[PDB]
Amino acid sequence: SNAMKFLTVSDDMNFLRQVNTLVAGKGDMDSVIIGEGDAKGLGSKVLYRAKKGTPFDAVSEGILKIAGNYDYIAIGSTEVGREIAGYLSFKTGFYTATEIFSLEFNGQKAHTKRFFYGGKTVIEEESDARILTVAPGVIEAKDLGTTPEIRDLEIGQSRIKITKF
């Protein structure tokens, strides 16, 4: 009720675990995984699953369908995750706090930190960011000790053209 609702997202299961660890103490969470990974100990209430190599635009349109169910969406910063963030940012109108290693709430607002220049500098924001991307390697994953109900992400249409080499 008065608790915050997160949706966490990644195209990498280990990374999904790190994002869930960051968000864990902060409110209730559901998750999206693109591709493979065993859901055990993930800690989410619900895990939405997309097929491996589902084009990132079809995934983003799927997330967008459920994104109004959440206060914040936290995405692992990978190539795909960043494309998903930019897409969601645009469609929802919410600002994105990028590459964070730290997320705290004093009251209502999200206070974040990210590194700049390889770690030489720390940038803190208190912004209205509702979309967050989480840096790789910054959170050690903890087993959260429960397993989510699994469902399929209802995937959108894809307009991108994909050429492999």
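We number the residues from 1 along the sequence you see.
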Completion exercise
Stretch with higher mean Cα temperature factor, 136 to 144 vs 93 to 101, is 136 to 144
Problem - Residue stretch of maximal mean CA temperature factor, 149 to 157 vs 16 to 24 - result: 149 to 157
Fill in the blank from the handout: For 122, 33, 46, 39, the deposited C-alpha B-factor is largest at 39
Problem - Third of chain Cα B-factors occupied by residue 53 - result: highest
Practice task
Classify residue 62 as lowest, middle or highest third according to the C-alpha B-factor given in the PDB entry, relative to its own chain.
Solution key: middle
Completion exercise
The third of the chain into which the C-alpha temperature factor of residue 112 falls is the middle
Practice task
For residue 3, return the chain-relative third of its C-alpha B-factor as stated in the PDB record: lowest, middle or highest.
Solution key: highest
